[PDB]
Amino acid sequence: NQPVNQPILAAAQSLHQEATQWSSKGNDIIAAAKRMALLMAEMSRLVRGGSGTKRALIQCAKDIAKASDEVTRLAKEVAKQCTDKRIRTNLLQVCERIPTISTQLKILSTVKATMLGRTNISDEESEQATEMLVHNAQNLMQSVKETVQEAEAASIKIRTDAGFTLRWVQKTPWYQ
């Protein structure tokens, strides 16, 4: 079908597996994380494209960074209502890593996009730029996955408020 950068696809699938165990209904962290995983999977295809995929590669990074701001914004709200200082601090700590990682995703996607369909660039420049993009994508997927898990852990420490708190409902059994 279409060539894909396996480690980016694997990082995407890893976040999606974790996010899809929960319902998006009344959980915008879950919705944004699912959008991020789906967009990151598109990225693994685009990173392998020609000159025509240059705009799509940079727009994909921009979309991923926008979905990560929704994750960060909501996780800060979860933290603000959490009574456990350990969980509250962890959530606030990860919220400050995500914008840095996603800024770096935009810079490395632009770097890779300038290289698509070019003949003058060496395999070394290309490989080095691709490896940097790969690591950044893995770090981002990991940070959001951990943000999902900590936001769920924080829910136990929050007085459930219908229409006012995040909703955690398993869509499928954990062992499926």
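The numbering used is simple: start at 1 and walk along the sequence shown.
Peer 1: Going by the mean C-alpha B-factor recorded in the entry, which is higher: 122 to 130 or 22 to 30?
Peer 2: Taking the mean C-alpha B-factor of 122 to 130 and of 22 to 30, the larger value falls to 122 to 130.
Peer 1: Tell me which stretch has the larger mean Cα B-factor in this entry, 139 to 147 or 112 to 120.
Peer 2: If you average the C-alpha B-factors of 139 to 147 and of 112 to 120, the larger mean comes out for 112 to 120.
Peer 1: According to the PDB entry, is the CA B factor of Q6 in the bottom, middle or top third of its chain, that is, lowest, middle or highest?
Peer 2: Answer is lowest: the recorded C-alpha B-factor places it there.
Peer 1: What third of the chain does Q17 rank in for C-alpha temperature factor, lowest, middle or highest?
Peer 2: Middle third.
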